[PDB]
file structure_25.cif (mmCIF, N, CA and C atoms)
data_input
#
loop_
_atom_site.group_PDB
_atom_site.id
_atom_site.type_symbol
_atom_site.label_atom_id
_atom_site.label_comp_id
_atom_site.auth_asym_id
_atom_site.auth_seq_id
_atom_site.Cartn_x
_atom_site.Cartn_y
_atom_site.Cartn_z
ATOM 1 N N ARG A 53 0.015 55.350 -10.118
ATOM 2 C CA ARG A 53 1.113 56.061 -9.438
ATOM 3 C C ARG A 53 0.778 57.513 -9.110
ATOM 4 N N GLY A 54 1.328 58.027 -8.016
ATOM 5 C CA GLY A 54 1.307 59.459 -7.716
ATOM 6 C C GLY A 54 2.265 60.263 -8.588
ATOM 7 N N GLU A 55 1.967 61.531 -8.815
ATOM 8 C CA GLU A 55 2.785 62.483 -9.568
ATOM 9 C C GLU A 55 3.062 63.715 -8.717
ATOM 10 N N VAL A 56 4.303 64.189 -8.664
ATOM 11 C CA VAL A 56 4.647 65.435 -7.966
ATOM 12 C C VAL A 56 4.472 66.628 -8.903
ATOM 13 N N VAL A 57 3.724 67.648 -8.477
ATOM 14 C CA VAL A 57 3.307 68.789 -9.313
ATOM 15 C C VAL A 57 3.502 70.151 -8.649
ATOM 16 N N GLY A 58 3.859 71.154 -9.448
ATOM 17 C CA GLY A 58 3.956 72.559 -9.030
ATOM 18 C C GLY A 58 2.607 73.233 -8.762
ATOM 19 N N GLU A 59 2.588 74.550 -8.664
ATOM 20 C CA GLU A 59 1.407 75.267 -8.190
ATOM 21 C C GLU A 59 0.264 75.309 -9.215
ATOM 22 N N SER A 60 0.570 75.779 -10.423
ATOM 23 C CA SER A 60 -0.319 75.746 -11.586
ATOM 24 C C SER A 60 0.220 74.849 -12.702
ATOM 25 N N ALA A 61 1.008 73.837 -12.353
ATOM 26 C CA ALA A 61 1.556 72.875 -13.301
ATOM 27 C C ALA A 61 0.499 71.869 -13.765
ATOM 28 N N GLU A 62 0.571 71.420 -15.017
ATOM 29 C CA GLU A 62 -0.433 70.539 -15.619
ATOM 30 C C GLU A 62 -0.356 69.094 -15.099
ATOM 31 N N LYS A 63 -1.447 68.588 -14.526
ATOM 32 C CA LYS A 63 -1.554 67.235 -13.971
ATOM 33 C C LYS A 63 -1.720 66.143 -15.027
ATOM 34 N N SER A 64 -1.198 64.954 -14.747
ATOM 35 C CA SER A 64 -1.290 63.752 -15.594
ATOM 36 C C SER A 64 -2.258 62.704 -15.030
ATOM 37 N N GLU A 65 -2.507 61.614 -15.756
ATOM 38 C CA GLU A 65 -3.217 60.433 -15.242
ATOM 39 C C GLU A 65 -2.370 59.165 -15.353
ATOM 40 N N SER A 66 -2.570 58.261 -14.401
ATOM 41 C CA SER A 66 -1.938 56.953 -14.309
ATOM 42 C C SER A 66 -2.961 56.042 -13.668
ATOM 43 N N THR A 67 -3.403 55.025 -14.390
ATOM 44 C CA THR A 67 -4.566 54.227 -14.007
ATOM 45 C C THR A 67 -4.232 52.750 -13.922
ATOM 46 N N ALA A 68 -4.899 52.037 -13.028
ATOM 47 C CA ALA A 68 -4.774 50.601 -12.889
ATOM 48 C C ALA A 68 -5.075 49.892 -14.210
ATOM 49 N N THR A 69 -4.287 48.886 -14.565
ATOM 50 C CA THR A 69 -4.574 48.016 -15.709
ATOM 51 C C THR A 69 -4.863 46.616 -15.211
ATOM 52 N N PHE A 70 -5.767 45.921 -15.881
ATOM 53 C CA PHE A 70 -6.257 44.608 -15.491
ATOM 54 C C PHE A 70 -6.162 43.666 -16.681
ATOM 55 N N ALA A 71 -6.098 42.367 -16.424
ATOM 56 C CA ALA A 71 -6.264 41.347 -17.451
ATOM 57 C C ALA A 71 -6.934 40.093 -16.882
ATOM 58 N N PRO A 72 -7.704 39.342 -17.681
ATOM 59 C CA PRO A 72 -8.255 38.071 -17.253
ATOM 60 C C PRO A 72 -7.263 36.921 -17.433
ATOM 61 N N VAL A 73 -7.405 35.892 -16.608
ATOM 62 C CA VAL A 73 -6.771 34.573 -16.776
ATOM 63 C C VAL A 73 -7.835 33.495 -16.678
ATOM 64 N N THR A 74 -7.667 32.365 -17.356
ATOM 65 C CA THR A 74 -8.726 31.356 -17.525
ATOM 66 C C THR A 74 -8.279 29.959 -17.112
ATOM 67 N N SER A 75 -9.196 29.152 -16.580
ATOM 68 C CA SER A 75 -8.944 27.737 -16.296
ATOM 69 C C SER A 75 -8.982 26.887 -17.561
ATOM 70 N N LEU A 76 -8.351 25.719 -17.527
ATOM 71 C CA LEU A 76 -8.669 24.599 -18.411
ATOM 72 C C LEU A 76 -9.565 23.611 -17.672
ATOM 73 N N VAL A 77 -10.161 22.677 -18.401
ATOM 74 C CA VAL A 77 -10.984 21.599 -17.849
ATOM 75 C C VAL A 77 -10.407 20.255 -18.270
ATOM 76 N N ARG A 78 -10.011 19.421 -17.310
ATOM 77 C CA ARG A 78 -9.423 18.098 -17.549
ATOM 78 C C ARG A 78 -10.347 17.016 -17.026
ATOM 79 N N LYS A 79 -10.779 16.106 -17.889
ATOM 80 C CA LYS A 79 -11.496 14.887 -17.520
ATOM 81 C C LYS A 79 -10.480 13.764 -17.392
ATOM 82 N N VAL A 80 -10.467 13.079 -16.259
ATOM 83 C CA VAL A 80 -9.616 11.921 -16.003
ATOM 84 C C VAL A 80 -10.475 10.696 -15.726
ATOM 85 N N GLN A 81 -10.099 9.573 -16.317
ATOM 86 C CA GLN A 81 -10.810 8.309 -16.193
ATOM 87 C C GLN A 81 -9.829 7.214 -15.793
ATOM 88 N N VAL A 82 -10.295 6.204 -15.072
ATOM 89 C CA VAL A 82 -9.561 4.942 -14.925
ATOM 90 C C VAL A 82 -10.487 3.797 -15.293
ATOM 91 N N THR A 83 -10.016 2.862 -16.115
ATOM 92 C CA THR A 83 -10.751 1.658 -16.526
ATOM 93 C C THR A 83 -9.897 0.441 -16.221
ATOM 94 N N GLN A 84 -10.420 -0.526 -15.475
ATOM 95 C CA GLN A 84 -9.757 -1.795 -15.160
ATOM 96 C C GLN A 84 -10.548 -2.949 -15.764
ATOM 97 N N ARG A 85 -9.929 -3.795 -16.587
ATOM 98 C CA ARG A 85 -10.576 -4.931 -17.266
ATOM 99 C C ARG A 85 -10.123 -6.270 -16.679
ATOM 100 N N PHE A 86 -11.046 -7.203 -16.460
ATOM 101 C CA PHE A 86 -10.781 -8.539 -15.903
ATOM 102 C C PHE A 86 -11.750 -9.603 -16.438
ATOM 103 N N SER A 87 -11.352 -10.874 -16.443
ATOM 104 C CA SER A 87 -12.180 -12.013 -16.883
ATOM 105 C C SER A 87 -13.304 -12.308 -15.898
ATOM 106 N N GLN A 88 -14.453 -12.825 -16.336
ATOM 107 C CA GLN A 88 -15.496 -13.239 -15.382
ATOM 108 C C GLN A 88 -15.053 -14.401 -14.487
ATOM 109 N N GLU A 89 -14.061 -15.172 -14.931
ATOM 110 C CA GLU A 89 -13.306 -16.134 -14.123
ATOM 111 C C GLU A 89 -12.787 -15.508 -12.819
ATOM 112 N N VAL A 90 -12.270 -14.279 -12.861
ATOM 113 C CA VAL A 90 -11.744 -13.566 -11.692
ATOM 114 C C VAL A 90 -12.864 -13.153 -10.746
ATOM 115 N N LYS A 91 -14.042 -12.793 -11.253
ATOM 116 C CA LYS A 91 -15.189 -12.504 -10.394
ATOM 117 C C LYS A 91 -15.651 -13.759 -9.657
ATOM 118 N N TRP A 92 -15.738 -14.891 -10.354
ATOM 119 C CA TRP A 92 -16.072 -16.190 -9.771
ATOM 120 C C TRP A 92 -15.054 -16.640 -8.732
ATOM 121 N N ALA A 93 -13.760 -16.539 -9.032
ATOM 122 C CA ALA A 93 -12.706 -16.911 -8.104
ATOM 123 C C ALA A 93 -12.787 -16.073 -6.825
ATOM 124 N N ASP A 94 -12.868 -14.754 -6.947
ATOM 125 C CA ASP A 94 -12.948 -13.876 -5.792
ATOM 126 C C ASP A 94 -14.225 -14.118 -4.979
ATOM 127 N N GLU A 95 -15.404 -14.150 -5.593
ATOM 128 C CA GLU A 95 -16.640 -14.315 -4.824
ATOM 129 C C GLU A 95 -16.762 -15.691 -4.158
ATOM 130 N N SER A 96 -16.150 -16.740 -4.716
ATOM 131 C CA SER A 96 -16.119 -18.049 -4.066
ATOM 132 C C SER A 96 -15.092 -18.113 -2.940
ATOM 133 N N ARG A 97 -13.837 -17.732 -3.196
ATOM 134 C CA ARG A 97 -12.717 -17.878 -2.253
ATOM 135 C C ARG A 97 -12.495 -16.664 -1.342
ATOM 136 N N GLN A 98 -13.247 -15.585 -1.520
ATOM 137 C CA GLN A 98 -13.199 -14.348 -0.733
ATOM 138 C C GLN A 98 -11.813 -13.676 -0.746
ATOM 139 N N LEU A 99 -11.216 -13.486 -1.923
ATOM 140 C CA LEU A 99 -9.876 -12.906 -2.073
ATOM 141 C C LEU A 99 -9.843 -11.415 -1.697
ATOM 142 N N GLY A 100 -10.898 -10.663 -2.006
ATOM 143 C CA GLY A 100 -10.908 -9.205 -1.911
ATOM 144 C C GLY A 100 -10.156 -8.514 -3.049
ATOM 145 N N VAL A 101 -9.934 -9.194 -4.172
ATOM 146 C CA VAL A 101 -9.327 -8.590 -5.361
ATOM 147 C C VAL A 101 -10.210 -7.476 -5.904
ATOM 148 N N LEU A 102 -11.510 -7.692 -6.066
ATOM 149 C CA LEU A 102 -12.408 -6.670 -6.594
ATOM 150 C C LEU A 102 -12.499 -5.470 -5.655
ATOM 151 N N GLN A 103 -12.509 -5.668 -4.339
ATOM 152 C CA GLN A 103 -12.517 -4.555 -3.393
ATOM 153 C C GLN A 103 -11.204 -3.769 -3.394
ATOM 154 N N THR A 104 -10.048 -4.420 -3.473
ATOM 155 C CA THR A 104 -8.786 -3.687 -3.591
ATOM 156 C C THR A 104 -8.655 -2.999 -4.939
ATOM 157 N N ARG B 53 -3.503 3.362 -13.166
ATOM 158 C CA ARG B 53 -3.251 4.794 -13.402
ATOM 159 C C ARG B 53 -4.434 5.487 -14.083
ATOM 160 N N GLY B 54 -4.687 6.749 -13.758
ATOM 161 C CA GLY B 54 -5.653 7.584 -14.467
ATOM 162 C C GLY B 54 -5.140 8.070 -15.815
ATOM 163 N N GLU B 55 -6.042 8.350 -16.732
ATOM 164 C CA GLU B 55 -5.745 8.855 -18.063
ATOM 165 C C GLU B 55 -6.569 10.105 -18.335
ATOM 166 N N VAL B 56 -5.947 11.129 -18.913
ATOM 167 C CA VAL B 56 -6.576 12.417 -19.210
ATOM 168 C C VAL B 56 -7.085 12.405 -20.640
ATOM 169 N N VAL B 57 -8.371 12.666 -20.813
ATOM 170 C CA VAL B 57 -9.090 12.494 -22.078
ATOM 171 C C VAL B 57 -9.813 13.760 -22.529
ATOM 172 N N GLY B 58 -9.745 14.049 -23.822
ATOM 173 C CA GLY B 58 -10.536 15.094 -24.465
ATOM 174 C C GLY B 58 -12.027 14.777 -24.541
ATOM 175 N N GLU B 59 -12.801 15.612 -25.239
ATOM 176 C CA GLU B 59 -14.271 15.534 -25.282
ATOM 177 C C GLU B 59 -14.799 14.257 -25.955
ATOM 178 N N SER B 60 -14.093 13.762 -26.965
ATOM 179 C CA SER B 60 -14.325 12.451 -27.572
ATOM 180 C C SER B 60 -13.011 11.772 -27.949
ATOM 181 N N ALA B 61 -11.975 11.969 -27.129
ATOM 182 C CA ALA B 61 -10.774 11.152 -27.193
ATOM 183 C C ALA B 61 -11.108 9.727 -26.746
ATOM 184 N N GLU B 62 -10.430 8.745 -27.312
ATOM 185 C CA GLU B 62 -10.619 7.338 -26.980
ATOM 186 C C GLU B 62 -10.050 7.004 -25.596
ATOM 187 N N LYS B 63 -10.894 6.536 -24.681
ATOM 188 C CA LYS B 63 -10.495 6.070 -23.351
ATOM 189 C C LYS B 63 -9.723 4.745 -23.427
ATOM 190 N N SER B 64 -8.686 4.570 -22.624
ATOM 191 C CA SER B 64 -7.829 3.374 -22.519
ATOM 192 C C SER B 64 -8.047 2.620 -21.205
ATOM 193 N N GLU B 65 -7.341 1.511 -20.979
ATOM 194 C CA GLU B 65 -7.395 0.764 -19.711
ATOM 195 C C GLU B 65 -6.033 0.610 -19.027
ATOM 196 N N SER B 66 -6.061 0.600 -17.701
ATOM 197 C CA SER B 66 -4.933 0.340 -16.819
ATOM 198 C C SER B 66 -5.485 -0.338 -15.585
ATOM 199 N N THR B 67 -5.071 -1.577 -15.352
ATOM 200 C CA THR B 67 -5.614 -2.447 -14.313
ATOM 201 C C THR B 67 -4.544 -2.812 -13.301
ATOM 202 N N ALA B 68 -4.946 -3.002 -12.048
ATOM 203 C CA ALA B 68 -4.096 -3.580 -11.022
ATOM 204 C C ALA B 68 -3.467 -4.903 -11.484
ATOM 205 N N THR B 69 -2.284 -5.250 -10.992
ATOM 206 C CA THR B 69 -1.674 -6.574 -11.189
ATOM 207 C C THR B 69 -1.312 -7.183 -9.841
ATOM 208 N N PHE B 70 -1.403 -8.501 -9.713
ATOM 209 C CA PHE B 70 -1.212 -9.226 -8.460
ATOM 210 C C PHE B 70 -0.272 -10.413 -8.656
ATOM 211 N N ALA B 71 0.351 -10.875 -7.581
ATOM 212 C CA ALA B 71 1.064 -12.149 -7.543
ATOM 213 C C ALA B 71 0.983 -12.766 -6.144
ATOM 214 N N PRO B 72 1.007 -14.097 -6.012
ATOM 215 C CA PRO B 72 1.072 -14.768 -4.727
ATOM 216 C C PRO B 72 2.515 -14.926 -4.235
ATOM 217 N N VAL B 73 2.670 -15.168 -2.938
ATOM 218 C CA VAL B 73 3.925 -15.572 -2.282
ATOM 219 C C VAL B 73 3.627 -16.690 -1.293
ATOM 220 N N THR B 74 4.619 -17.514 -0.985
ATOM 221 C CA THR B 74 4.423 -18.791 -0.281
ATOM 222 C C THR B 74 5.327 -18.942 0.932
ATOM 223 N N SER B 75 4.785 -19.486 2.020
ATOM 224 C CA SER B 75 5.552 -19.861 3.208
ATOM 225 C C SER B 75 6.328 -21.157 2.997
ATOM 226 N N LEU B 76 7.311 -21.406 3.855
ATOM 227 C CA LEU B 76 7.816 -22.743 4.145
ATOM 228 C C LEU B 76 7.288 -23.205 5.494
ATOM 229 N N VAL B 77 7.531 -24.469 5.814
ATOM 230 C CA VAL B 77 7.231 -25.087 7.109
ATOM 231 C C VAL B 77 8.502 -25.757 7.607
ATOM 232 N N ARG B 78 8.887 -25.519 8.862
ATOM 233 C CA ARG B 78 10.164 -25.959 9.453
ATOM 234 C C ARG B 78 9.932 -26.602 10.812
ATOM 235 N N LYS B 79 10.470 -27.796 11.046
ATOM 236 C CA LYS B 79 10.353 -28.546 12.306
ATOM 237 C C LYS B 79 11.664 -28.496 13.082
ATOM 238 N N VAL B 80 11.600 -28.137 14.354
ATOM 239 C CA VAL B 80 12.758 -27.946 15.227
ATOM 240 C C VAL B 80 12.589 -28.826 16.449
ATOM 241 N N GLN B 81 13.647 -29.522 16.831
ATOM 242 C CA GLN B 81 13.669 -30.407 17.988
ATOM 243 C C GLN B 81 14.923 -30.183 18.824
ATOM 244 N N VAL B 82 14.794 -30.367 20.131
ATOM 245 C CA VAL B 82 15.928 -30.467 21.049
ATOM 246 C C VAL B 82 15.743 -31.717 21.886
ATOM 247 N N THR B 83 16.779 -32.537 21.989
ATOM 248 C CA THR B 83 16.778 -33.752 22.800
ATOM 249 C C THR B 83 18.032 -33.795 23.642
ATOM 250 N N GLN B 84 17.845 -34.061 24.929
ATOM 251 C CA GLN B 84 18.923 -34.126 25.898
ATOM 252 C C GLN B 84 18.875 -35.449 26.629
ATOM 253 N N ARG B 85 20.017 -36.112 26.732
ATOM 254 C CA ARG B 85 20.154 -37.487 27.208
ATOM 255 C C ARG B 85 20.967 -37.527 28.499
ATOM 256 N N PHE B 86 20.535 -38.285 29.500
ATOM 257 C CA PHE B 86 21.218 -38.383 30.792
ATOM 258 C C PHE B 86 21.058 -39.756 31.432
ATOM 259 N N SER B 87 21.953 -40.116 32.339
ATOM 260 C CA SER B 87 21.909 -41.385 33.065
ATOM 261 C C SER B 87 20.857 -41.399 34.163
ATOM 262 N N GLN B 88 20.308 -42.566 34.478
ATOM 263 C CA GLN B 88 19.377 -42.759 35.593
ATOM 264 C C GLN B 88 19.953 -42.265 36.926
ATOM 265 N N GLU B 89 21.255 -42.450 37.142
ATOM 266 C CA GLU B 89 21.963 -41.961 38.328
ATOM 267 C C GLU B 89 21.905 -40.433 38.490
ATOM 268 N N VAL B 90 21.832 -39.656 37.402
ATOM 269 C CA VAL B 90 21.639 -38.198 37.462
ATOM 270 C C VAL B 90 20.258 -37.833 37.991
ATOM 271 N N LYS B 91 19.212 -38.568 37.616
ATOM 272 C CA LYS B 91 17.854 -38.297 38.087
ATOM 273 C C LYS B 91 17.724 -38.530 39.593
ATOM 274 N N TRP B 92 18.350 -39.594 40.088
ATOM 275 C CA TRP B 92 18.419 -39.928 41.510
ATOM 276 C C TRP B 92 19.232 -38.917 42.303
ATOM 277 N N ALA B 93 20.393 -38.502 41.795
ATOM 278 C CA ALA B 93 21.182 -37.460 42.434
ATOM 279 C C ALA B 93 20.383 -36.161 42.552
ATOM 280 N N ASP B 94 19.814 -35.689 41.447
ATOM 281 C CA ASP B 94 19.033 -34.462 41.397
ATOM 282 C C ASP B 94 17.870 -34.480 42.379
ATOM 283 N N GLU B 95 17.036 -35.512 42.360
ATOM 284 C CA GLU B 95 15.840 -35.531 43.193
ATOM 285 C C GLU B 95 16.127 -35.829 44.668
ATOM 286 N N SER B 96 17.276 -36.411 45.014
ATOM 287 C CA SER B 96 17.634 -36.662 46.419
ATOM 288 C C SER B 96 18.320 -35.467 47.070
ATOM 289 N N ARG B 97 19.182 -34.763 46.332
ATOM 290 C CA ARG B 97 19.896 -33.567 46.800
ATOM 291 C C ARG B 97 19.186 -32.249 46.511
ATOM 292 N N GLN B 98 18.138 -32.243 45.691
ATOM 293 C CA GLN B 98 17.497 -31.038 45.154
ATOM 294 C C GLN B 98 18.459 -30.183 44.306
ATOM 295 N N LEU B 99 19.167 -30.779 43.336
ATOM 296 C CA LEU B 99 20.173 -30.042 42.547
ATOM 297 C C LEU B 99 19.593 -28.993 41.588
ATOM 298 N N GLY B 100 18.352 -29.158 41.132
ATOM 299 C CA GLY B 100 17.726 -28.285 40.128
ATOM 300 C C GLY B 100 18.256 -28.449 38.703
ATOM 301 N N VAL B 101 19.195 -29.362 38.458
ATOM 302 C CA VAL B 101 19.772 -29.625 37.139
ATOM 303 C C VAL B 101 18.694 -29.945 36.119
ATOM 304 N N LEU B 102 17.780 -30.859 36.418
ATOM 305 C CA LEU B 102 16.724 -31.212 35.470
ATOM 306 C C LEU B 102 15.730 -30.081 35.225
ATOM 307 N N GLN B 103 15.496 -29.187 36.186
ATOM 308 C CA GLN B 103 14.722 -27.983 35.902
ATOM 309 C C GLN B 103 15.477 -27.049 34.958
ATOM 310 N N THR B 104 16.787 -26.865 35.122
ATOM 311 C CA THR B 104 17.529 -26.026 34.173
ATOM 312 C C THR B 104 17.546 -26.620 32.770
#

call {"tool": "encode", "arguments": {"input": "structure_25.cif", "output": "structure tokens"}}
result
Amino acid sequence: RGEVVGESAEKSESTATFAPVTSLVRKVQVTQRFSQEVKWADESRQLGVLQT
Amino acid sequence: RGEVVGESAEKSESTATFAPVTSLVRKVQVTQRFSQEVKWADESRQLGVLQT
């Protein structure tokens, strides 16, 4: 901030203050489980279940 | 769905789910009955009745 001062009046200081802020780190996973029966059914009959 | 995991938190599973749906089959008929005298009237006068 600025300060208003007289002719030989004593001057002050006012200085910028700073602080840090920090990230977190999040790991996200998805796991889908199915029978090998479902792989056989899809690859024979062309369902597109594994692709969807 | 995704799951948020720590550095050695235990990972879980979430899998897609599916179901089938089925059509019906439906047979539709229209039958219109007329006298032989109507066919003769129509084709001799050009009535257009049988075209309609």

call {"tool": "calpha_fit_and_write", "arguments": {"input": "structure_25.cif", "fixed": "chain B", "moving": "chain A", "output": "tab-separated table (two decimals) with N, CA and C atoms, in the frame of the given file"}}
result
chain	number	residue	atom	x	y	z
A	53	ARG	N	-3.93	3.35	-13.06
A	53	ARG	CA	-3.63	4.77	-13.30
A	53	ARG	C	-4.73	5.51	-14.05
A	54	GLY	N	-4.91	6.79	-13.77
A	54	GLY	CA	-5.74	7.68	-14.58
A	54	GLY	C	-5.10	8.04	-15.91
A	55	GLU	N	-5.91	8.34	-16.92
A	55	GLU	CA	-5.49	8.77	-18.25
A	55	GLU	C	-6.17	10.09	-18.60
A	56	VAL	N	-5.43	11.07	-19.12
A	56	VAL	CA	-6.01	12.34	-19.60
A	56	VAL	C	-6.45	12.20	-21.05
A	57	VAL	N	-7.70	12.55	-21.36
A	57	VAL	CA	-8.34	12.31	-22.66
A	57	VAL	C	-9.09	13.53	-23.22
A	58	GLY	N	-9.06	13.69	-24.54
A	58	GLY	CA	-9.82	14.71	-25.27
A	58	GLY	C	-11.33	14.44	-25.33
A	59	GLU	N	-12.04	15.14	-26.20
A	59	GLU	CA	-13.50	15.12	-26.18
A	59	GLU	C	-14.11	13.81	-26.70
A	60	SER	N	-13.71	13.42	-27.91
A	60	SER	CA	-14.03	12.13	-28.52
A	60	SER	C	-12.79	11.26	-28.73
A	61	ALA	N	-11.76	11.45	-27.92
A	61	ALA	CA	-10.53	10.67	-27.97
A	61	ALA	C	-10.72	9.27	-27.38
A	62	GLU	N	-10.03	8.27	-27.93
A	62	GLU	CA	-10.20	6.87	-27.53
A	62	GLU	C	-9.57	6.55	-26.16
A	63	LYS	N	-10.37	6.06	-25.22
A	63	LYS	CA	-9.95	5.70	-23.86
A	63	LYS	C	-9.20	4.38	-23.77
A	64	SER	N	-8.27	4.28	-22.83
A	64	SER	CA	-7.46	3.09	-22.53
A	64	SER	C	-7.89	2.39	-21.23
A	65	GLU	N	-7.30	1.24	-20.90
A	65	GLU	CA	-7.44	0.60	-19.59
A	65	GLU	C	-6.08	0.39	-18.91
A	66	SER	N	-6.09	0.46	-17.58
A	66	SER	CA	-4.95	0.25	-16.70
A	66	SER	C	-5.52	-0.36	-15.44
A	67	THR	N	-5.13	-1.58	-15.12
A	67	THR	CA	-5.78	-2.38	-14.09
A	67	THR	C	-4.79	-2.86	-13.04
A	68	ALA	N	-5.25	-2.99	-11.81
A	68	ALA	CA	-4.47	-3.53	-10.71
A	68	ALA	C	-3.93	-4.92	-11.05
A	69	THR	N	-2.68	-5.19	-10.71
A	69	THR	CA	-2.10	-6.54	-10.82
A	69	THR	C	-1.78	-7.06	-9.44
A	70	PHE	N	-1.94	-8.35	-9.24
A	70	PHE	CA	-1.79	-9.02	-7.95
A	70	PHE	C	-0.86	-10.21	-8.10
A	71	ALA	N	-0.23	-10.63	-7.02
A	71	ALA	CA	0.48	-11.90	-6.96
A	71	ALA	C	0.40	-12.52	-5.56
A	72	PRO	N	0.42	-13.85	-5.43
A	72	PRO	CA	0.48	-14.51	-4.14
A	72	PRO	C	1.91	-14.62	-3.62
A	73	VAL	N	2.05	-14.66	-2.30
A	73	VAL	CA	3.28	-15.05	-1.59
A	73	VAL	C	2.94	-16.12	-0.56
A	74	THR	N	3.87	-17.02	-0.25
A	74	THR	CA	3.58	-18.23	0.54
A	74	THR	C	4.52	-18.38	1.74
A	75	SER	N	4.02	-18.95	2.84
A	75	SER	CA	4.84	-19.30	3.99
A	75	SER	C	5.65	-20.57	3.75
A	76	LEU	N	6.73	-20.76	4.49
A	76	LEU	CA	7.33	-22.07	4.74
A	76	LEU	C	6.87	-22.58	6.11
A	77	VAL	N	7.10	-23.85	6.38
A	77	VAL	CA	6.81	-24.49	7.67
A	77	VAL	C	8.09	-25.09	8.24
A	78	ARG	N	8.52	-24.63	9.41
A	78	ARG	CA	9.74	-25.10	10.09
A	78	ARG	C	9.38	-25.81	11.38
A	79	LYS	N	9.77	-27.07	11.52
A	79	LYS	CA	9.69	-27.83	12.76
A	79	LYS	C	11.03	-27.71	13.47
A	80	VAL	N	11.02	-27.29	14.73
A	80	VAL	CA	12.21	-27.20	15.57
A	80	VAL	C	12.05	-28.11	16.79
A	81	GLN	N	13.11	-28.83	17.12
A	81	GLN	CA	13.14	-29.77	18.23
A	81	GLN	C	14.35	-29.48	19.11
A	82	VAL	N	14.25	-29.76	20.40
A	82	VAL	CA	15.43	-29.86	21.27
A	82	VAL	C	15.39	-31.19	22.00
A	83	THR	N	16.50	-31.92	22.02
A	83	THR	CA	16.65	-33.19	22.73
A	83	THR	C	17.86	-33.10	23.65
A	84	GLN	N	17.69	-33.38	24.94
A	84	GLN	CA	18.76	-33.41	25.94
A	84	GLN	C	18.90	-34.82	26.49
A	85	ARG	N	20.09	-35.42	26.42
A	85	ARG	CA	20.36	-36.79	26.89
A	85	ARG	C	21.21	-36.80	28.16
A	86	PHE	N	20.88	-37.64	29.13
A	86	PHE	CA	21.59	-37.77	30.42
A	86	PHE	C	21.52	-39.19	30.98
A	87	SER	N	22.48	-39.59	31.81
A	87	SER	CA	22.54	-40.91	32.47
A	87	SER	C	21.47	-41.05	33.55
A	88	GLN	N	20.95	-42.24	33.82
A	88	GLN	CA	20.02	-42.41	34.95
A	88	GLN	C	20.67	-42.14	36.31
A	89	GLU	N	22.00	-42.24	36.38
A	89	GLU	CA	22.83	-41.74	37.48
A	89	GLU	C	22.51	-40.28	37.83
A	90	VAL	N	22.32	-39.41	36.84
A	90	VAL	CA	22.00	-37.99	37.03
A	90	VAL	C	20.59	-37.81	37.58
A	91	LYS	N	19.63	-38.64	37.18
A	91	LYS	CA	18.29	-38.59	37.76
A	91	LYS	C	18.32	-38.98	39.24
A	92	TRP	N	19.04	-40.04	39.59
A	92	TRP	CA	19.25	-40.48	40.97
A	92	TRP	C	19.95	-39.43	41.81
A	93	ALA	N	21.04	-38.84	41.31
A	93	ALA	CA	21.77	-37.81	42.02
A	93	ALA	C	20.87	-36.60	42.31
A	94	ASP	N	20.18	-36.08	41.30
A	94	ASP	CA	19.30	-34.94	41.47
A	94	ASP	C	18.14	-35.25	42.42
A	95	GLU	N	17.41	-36.35	42.24
A	95	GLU	CA	16.25	-36.63	43.09
A	95	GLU	C	16.64	-36.93	44.55
A	96	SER	N	17.84	-37.46	44.81
A	96	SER	CA	18.31	-37.65	46.18
A	96	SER	C	18.81	-36.35	46.80
A	97	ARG	N	19.70	-35.62	46.14
A	97	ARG	CA	20.37	-34.42	46.68
A	97	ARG	C	19.64	-33.10	46.40
A	98	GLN	N	18.55	-33.13	45.64
A	98	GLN	CA	17.71	-31.98	45.29
A	98	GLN	C	18.48	-30.86	44.56
A	99	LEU	N	19.24	-31.21	43.52
A	99	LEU	CA	20.07	-30.26	42.76
A	99	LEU	C	19.22	-29.26	41.95
A	100	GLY	N	18.10	-29.70	41.39
A	100	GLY	CA	17.32	-28.94	40.42
A	100	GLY	C	17.94	-28.92	39.02
A	101	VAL	N	18.82	-29.87	38.70
A	101	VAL	CA	19.39	-30.01	37.36
A	101	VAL	C	18.29	-30.33	36.35
A	102	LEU	N	17.41	-31.29	36.63
A	102	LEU	CA	16.35	-31.65	35.70
A	102	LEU	C	15.36	-30.50	35.50
A	103	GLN	N	15.03	-29.73	36.54
A	103	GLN	CA	14.16	-28.57	36.39
A	103	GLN	C	14.81	-27.44	35.59
A	104	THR	N	16.09	-27.14	35.80
A	104	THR	CA	16.77	-26.14	34.97
A	104	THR	C	16.96	-26.62	33.55

call {"tool": "interface_residues", "arguments": {"input": "structure_25.cif", "of": "chain A", "to": "chain B", "cutoff": "6 Å", "atoms": "all atoms listed in the file", "output": "number ranges by chain"}}
result
A: 79-85

call {"tool": "atom_distance", "arguments": {"input": "structure_25.cif", "atom1": "atom CA of residue A:88", "atom2": "atom CA of residue B:62"}}
result
24.1 Å

call {"tool": "atom_distance", "arguments": {"input": "structure_25.cif", "atom1": "atom N of residue A:93", "atom2": "atom CA of residue B:76"}}
result
26.0 Å

call {"tool": "select_by_dssp", "arguments": {"input": "structure_25.cif", "residues": "stretch 55-95 of chain B", "states": "helix (DSSP H, G or I)", "output": "PyMOL selection string"}}
result
chain B and resi 88-95

call {"tool": "write_last_selection", "arguments": {"input": "structure_25.cif", "atoms": "N, CA and C atoms", "output": "compact mmCIF listing (two decimals), in the coordinates of the input"}}
result
# COMPACT_ATOMS: atom_id res chain seq x y z
N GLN B 88 20.31 -42.57 34.48
CA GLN B 88 19.38 -42.76 35.59
C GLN B 88 19.95 -42.26 36.93
N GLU B 89 21.26 -42.45 37.14
CA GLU B 89 21.96 -41.96 38.33
C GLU B 89 21.90 -40.43 38.49
N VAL B 90 21.83 -39.66 37.40
CA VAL B 90 21.64 -38.20 37.46
C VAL B 90 20.26 -37.83 37.99
N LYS B 91 19.21 -38.57 37.62
CA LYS B 91 17.85 -38.30 38.09
C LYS B 91 17.72 -38.53 39.59
N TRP B 92 18.35 -39.59 40.09
CA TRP B 92 18.42 -39.93 41.51
C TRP B 92 19.23 -38.92 42.30
N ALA B 93 20.39 -38.50 41.80
CA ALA B 93 21.18 -37.46 42.43
C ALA B 93 20.38 -36.16 42.55
N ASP B 94 19.81 -35.69 41.45
CA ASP B 94 19.03 -34.46 41.40
C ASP B 94 17.87 -34.48 42.38
N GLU B 95 17.04 -35.51 42.36
CA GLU B 95 15.84 -35.53 43.19
C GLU B 95 16.13 -35.83 44.67
